[PDB]
Structure formats: C-alpha cells, structure tokens
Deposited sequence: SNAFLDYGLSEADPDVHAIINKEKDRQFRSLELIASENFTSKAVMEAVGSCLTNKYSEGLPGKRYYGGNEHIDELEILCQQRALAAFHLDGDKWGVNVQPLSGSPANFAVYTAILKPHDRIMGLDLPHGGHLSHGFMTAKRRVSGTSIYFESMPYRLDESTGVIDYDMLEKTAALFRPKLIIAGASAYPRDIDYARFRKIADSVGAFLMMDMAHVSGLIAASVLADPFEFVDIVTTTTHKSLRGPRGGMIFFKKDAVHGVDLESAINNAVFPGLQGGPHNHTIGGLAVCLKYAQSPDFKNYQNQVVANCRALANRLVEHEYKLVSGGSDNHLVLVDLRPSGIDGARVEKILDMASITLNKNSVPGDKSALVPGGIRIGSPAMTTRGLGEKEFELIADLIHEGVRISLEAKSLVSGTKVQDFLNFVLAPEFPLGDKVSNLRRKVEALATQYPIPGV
C-alpha cells in the first residue's frame, strides 16, 4: 500500500545518488566505456515497463497481457536496424540480451557446441574478456586462442592471424576490441574467416555509435553477426543487442539459433524497461545531431592525442582513428596503475590498461562522455595538459615513495601526510573549474 518517492523512502540511497550525480558533474569523465545518457532514456528505464513478465518474442509470448510490450520490442528492433542502415530482409536483431557479455555468450551458444574453437584479440593487446582469456566464460566453455597486435607496432598482426587460423581452425573469429585505437580491416577478416570456413563476428561495443554515424567502416558489409552494448558510444541504457544475417550461413539459420540461445538458452524474461530506453536511444542514433556528435567525438580525441604527443607521450599504434587513445606510459618512466590513482584523486577519471609488451603500462582515455557535455577541441587540449600535470605529479610521487610496490605507492598517496597533496588539490581545482562550466544530461 505505501508508495513513497525515493527521498521519502530511502534518504541514504537518495543522498548517494545525488553525490554520484555531483561527482559526475565536477569530474573529467574520461573512461572510454562511459557516457552520459539522456533524461528520456532514464525516464523510459525508470518506468512501469519493469513490471511486465514477457518470455519469448513479439507475437510468440509465454504469458498474457503483452500487446504494448510487443509493440515496443518491434519498434526497438526496427529502430536498431534503421540506425545501422540495414535492410530487414537481410538482417534481424535481438534486443533482449542483458548486456554485452551475455550477448556474446548467446552467439557462442547459438552457433557453437561446447569446446568449439574461437579466436579473438588478446586481452593485453586490447581485446575484451568475453572474446577469450581459464578466466573468461568464453575460455571455460569453448577453446579460445588469442590473436595479437604486433608488440612493436600496436597494430593487429593480420599475417600471423592468417597463419594461426590455418593451424587452429576456429569455427568463429571475433573482430572487435576494448582498447584498440584503430579501425579494423574487415575485408582481411572475411578473407581469413573464409580460408577456414569460420563464422565471422564483430563485437562493436566500443565503436557502435561511430559505425552508425558512418565515421568508421561498416562491419555489416563483411561479417555474419554483430554484437554490441548499448551504453557506451550509443549513449543508451545498459543493455545489449545481437544483429544477424537472415540468409543461412554455413547451413545455419542464425535467426532461430540466436533467438533460441537468448531464450530459453541463457535468459528468462526480457528487461522491458531497458528495451524502452534502448528504443529511445536508437531514435536519436538516426538523427543528424547524433551524426554531428560522433564527428565531434573523433575530432576531440584527435585534439587530445596531438596535445599528448606534444608532451612527448607514446600512443599505442601511434595515434587513433576513433574515440579513444591508449597511452604507453613506460617510456615516460611510470605505469598506468600509479597514474590512474593520482588522476582520480584530482577528479580525472579513466582506467589503467595493459599495453603490448607486458602492473599495466598504460592508460586508456576516451572522449565520448565529455563530448556529450559540449567540450570541443580546445577543451580537449586543456584535458591533455591536465593529464600531463597529473602524470608529472605521479612521477614525482613515484620518485619520493621508498617502497617499489604499487601498494607502497598507494599507501603513500592516500596517507594524510602525503607531501604532494597540495599539487593534487591544485590540479583538482583546475579540473573542476573546467568540468563545472558544462551542463550534464539526465533526470
């Protein structure tokens, strides 16, 4: 009977959310996997759509009362196809996966038997866990072998992939990556997949919006299946999708196989509130404004990358074609673990990241979140300068601490006696003075 609002029911959680909102506002959020979703997405996600149970697909449901839920899921499917410029006679989409990892695992389950062979980009070389690392589900239930970047160039070693694929004979080759700063040679992937009769998939989670806006090459010209999250580059809620060819691929009806793998294979009832949010975000993904945003994402990342290399940083692969840079900190005399911490103390949020030639040696930096807030190229050049000051503080601290462990560094910088506190505060002040000039979307 009692139906209180959040501030009425639970002031501790309301206070935490407000603090998180305010932290987001005050900080340079440079995590490449983050974005700020819109008020409309949040309202859709925070709605009574959460209440409906609806196993199965539209028109073929396992519970009553699904008229409107079916209209929504159909709408969401249609908008997903339109956003990626897909003919619905050639492609279908499943919009129920709960996230990017389950989306991938549904594909594996759909087209592979257990212990079938998969190749994906190696985790230290920029790939994602769900492509194989036995640490990952992918590696537990299937037989994965990585392909790697050239350690000397930071570019995918296509010739070595071609030789290793002929020996290992994968049934699936996954393109796509977490921390790969360059565009993929999809034709080369297709050639290599065909050389062994493999399925070819793209996990476009990190670049989906850039693909939708035609800033990057289109994997849909070459691959059989495309998976994605919906919250990064797309600016949507936390969800996942799987796109598939409708024509049979190596004698497999991918539509049935994938649908069956999502439900009843791995999931129960879909999260309709999320599907609502998704529908909202895919409408916006078709717009000229979204296309402009994505060009600005890439322009901002380039302005950042250029200013970083003026400060003498090394960038894995020499630069970026997309929304992220991977900085190799080792030639500047430090690692990503130490740097990440100091930057975070100064309200610059990003992540340490392994670089080729393995504590991780790099940091990953992305432009989408702050681009959403309205920062342009000039502001991204200032971000680079601020990151530079933070790396200089980190080098000074690494020098001053006596212990040589990462944990010794941590203890040193988090101690109340920390002698560089004033430099951190001073950097934090400038970080917040930049970030707080810009609005932040959301309810």
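Coordinate coverage of the deposited sequence breaks at 1 to 3, 137 to 141, 367 to 370, these segments carrying no C-alpha atoms.
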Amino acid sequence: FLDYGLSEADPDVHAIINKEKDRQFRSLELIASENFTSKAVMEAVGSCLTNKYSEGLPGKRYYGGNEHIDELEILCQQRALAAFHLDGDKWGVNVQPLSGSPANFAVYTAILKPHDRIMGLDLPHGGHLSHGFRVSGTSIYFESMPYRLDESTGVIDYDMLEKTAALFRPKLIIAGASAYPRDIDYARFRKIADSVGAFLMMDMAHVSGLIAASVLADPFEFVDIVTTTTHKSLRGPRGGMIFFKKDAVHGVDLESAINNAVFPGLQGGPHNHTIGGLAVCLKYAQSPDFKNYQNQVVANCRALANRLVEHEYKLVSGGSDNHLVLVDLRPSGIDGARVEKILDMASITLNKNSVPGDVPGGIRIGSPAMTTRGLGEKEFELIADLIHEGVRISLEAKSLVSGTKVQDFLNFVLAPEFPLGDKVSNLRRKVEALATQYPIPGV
From here on, numbers count along this sequence of modelled residues.
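Looking at mean Cα B-factors across 402 to 410 and 43 to 51, the upper value is held by 402 to 410. Stretches 367 to 375 and 182 to 190 differ in mean C-alpha B factor, with the higher average recorded for 182 to 190.
Of the candidates 332, 144, 351, 96, it is 332 whose Cα B-factor is highest according to the PDB record.
Within the listed group 238, 117, 128, 79, the record reports its top CA B-factor for 128. Sorting the modelled residues of the chain by their CA temperature factor places residue 273 in the lowest third. Placement of the Cα temperature factor of residue 101 within the chain: lowest third of the modelled residues, per the deposited record. Remark: residue 429 belongs to the highest third of its chain, ranked by C-alpha B-factor as recorded. Sort the chain's modelled residues by C-alpha temperature factor and residue 301 lands in the middle third, per the entry. When all modelled residues of the chain are sorted by CA temperature factor, residue 12 is found within the middle third.
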